[PDB]
Amino acid sequence: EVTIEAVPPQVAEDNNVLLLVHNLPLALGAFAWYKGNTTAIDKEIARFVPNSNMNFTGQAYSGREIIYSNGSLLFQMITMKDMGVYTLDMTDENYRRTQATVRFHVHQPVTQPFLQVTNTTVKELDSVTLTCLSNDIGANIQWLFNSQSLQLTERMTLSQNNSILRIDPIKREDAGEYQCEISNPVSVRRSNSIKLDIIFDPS
Ligand SMILES: *[C@@H]1O[C@H](CO)[C@@H](O[C@@H]2O[C@H](CO)[C@@H](O[C@@H]3O[C@H](CO)[C@@H](O)[C@H](O)[C@@H]3O)[C@H](O)[C@H]2NC(C)=O)[C@H](O)[C@H]1NC(C)=O
Ligand SMILES: *[C@@H]1O[C@H](CO)[C@@H](O)[C@H](O)[C@H]1NC(C)=O
Ligand SMILES: *[C@@H]1O[C@H](CO)[C@@H](O)[C@H](O)[C@H]1NC(C)=O
Ligand SMILES: *[C@H]1O[C@H](CO)[C@@H](O)[C@H](O)[C@H]1NC(C)=O
Numbered sequence: 001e002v003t004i005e006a007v008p009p010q011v012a013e014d015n016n017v018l019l020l021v022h023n024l025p026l027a028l029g030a031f032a033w034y035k036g037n038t039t040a041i042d043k044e045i046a047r048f049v050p051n052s053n054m055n056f057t058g059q060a061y062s063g064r065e066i067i068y069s070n071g072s073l074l075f076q077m078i079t080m081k082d083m084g085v086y087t088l089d090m091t092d093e094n095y096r097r098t099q100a101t102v103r104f105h106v107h108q109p110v111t112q113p114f115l116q117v118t119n120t121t122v123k124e125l126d127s128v129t130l131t132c133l134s135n136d137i138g139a140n141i142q143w144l145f146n147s148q149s150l151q152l153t154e155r156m157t158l159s160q161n162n163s164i165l166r167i168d169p170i171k172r173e174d175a176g177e178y179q180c181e182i183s184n185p186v187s188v189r190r191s192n193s194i195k196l197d198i199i200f201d202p203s
């Protein structure tokens with residue numbers, strides 16, 4: 001049947017996207033590409049017609065959009081505002097089918113963070129608290145230890161959406177360099193490399 005995929009699904013700001021239309025049934029009278037599920041002329045961006053090949057547009061922006069004979073739509077410079085679901089409708093008088101559910105996501109390229117730790121020098125069974133400073137909201141922070149995934153365990157505690165990380169009680173094992181990392185869908189940027197070394201109080 002009708003399959004509509006968006007390449008790339010998960011788009012990036014000031015980057016392009018295509019509204020793929022797989023197996024688009026028998027050569028209809030024409031197709032229509034709408035925004036937002038509203039099967040209303042209120043939002044018609046494009047209507048291509050088989051039987052007499054021709055491009056007529058609707059009351060839709062068309063500042064950067066294109067419909068195709070395979071019945072598909074590329075979308076240039078998408079923006080947070082362009083985010084959301086889109087719908088295509090097709091018709092051949094005998095029948096008009098809508099079934100064009102297709103949503104994708106836009107993304108703000110990430111920025112570099114920066115840890116802040118108070119006292120690289122700490123005692124066994126004391127506290128530490130890496131905090132991954134970032135100004136970007138819509139986060140996926142990840143904590144790295146010695147350039148690999150911090151296993152995250154019982155004596156650790158982290159909140160404010162993975163921002164603040166607090167290890168306690170600390171133990172020599174923690175003798176290493178910690179780094180915080182921000183994700184978006186894979187448009188990432190790692191933090192500095194606060195090294196933390198340990199001294200223990202008793203002997
Ligand atoms: C519907 O018609 C459009 C015609 O443009 C088809 O979209 C186009 O599909 C190809 C897919 O490969 C895109 O080219 C790709 O380009 C990248 C970079 O050049 C390359 O790495 C890939 O190997 C590939 O060649 C093309 O950009 C894309 N969109 C546009 C706007 O041209 C679509 O495939 C057609 N539907 C079907 C079912 O074929
Ligand atoms: C309709 O076809 C023209 C060329 O005839 C093309 O340049 C234009 O982008 C198409 N309209 C849309 C909304 O894609
Ligand atoms: C780190 O903590 C120890 C506690 O023994 C203290 O002596 C030292 O002054 C602290 N360093 C800073 C920069 O606060
Ligand atoms: C959009 O409105 C329709 C009503 O026809 C509703 O059934 C549908 O759940 C809404 N959006 C999606 C993605 O289904």
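Here the deposited numbering is used: the first residue of the sequence shown is 1, the next is one more, and so on.
Backbone N, C-alpha and C fix where the C-beta goes; we use that ideal spot for every residue, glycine too.
Selection around ligand 3 by beta-carbon proximity, strictly under 6 angstroms to any non-hydrogen atom, yields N119 and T121 in chain order. Per DSSP, reduced to three states, the secondary structure at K195 is strand. When secondary structure is reduced to three states using DSSP, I45 falls in the strand class. Counting only the Cα atoms, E65 lies some 9 angstroms from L18. Ranking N184, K195 and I4 by CA distance to the CA of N119 puts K195 first. Per the DSSP secondary-structure output, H22 pairs in a beta bridge with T3. For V128, the enclosing beta strand (DSSP E) stretches over residues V128 to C132.
Between the stretch 109-124 and the stretch 66-83 there are fewer than three inter-stretch CB-CB distances shorter than 8 angstroms, so the stretches are not counted as touching. In this structure, ligand 4 has no non-hydrogen atom nearer than 7 angstroms to the beta-carbon of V49. For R97, the enclosing beta strand (DSSP E) begins and ends at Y95 to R97.
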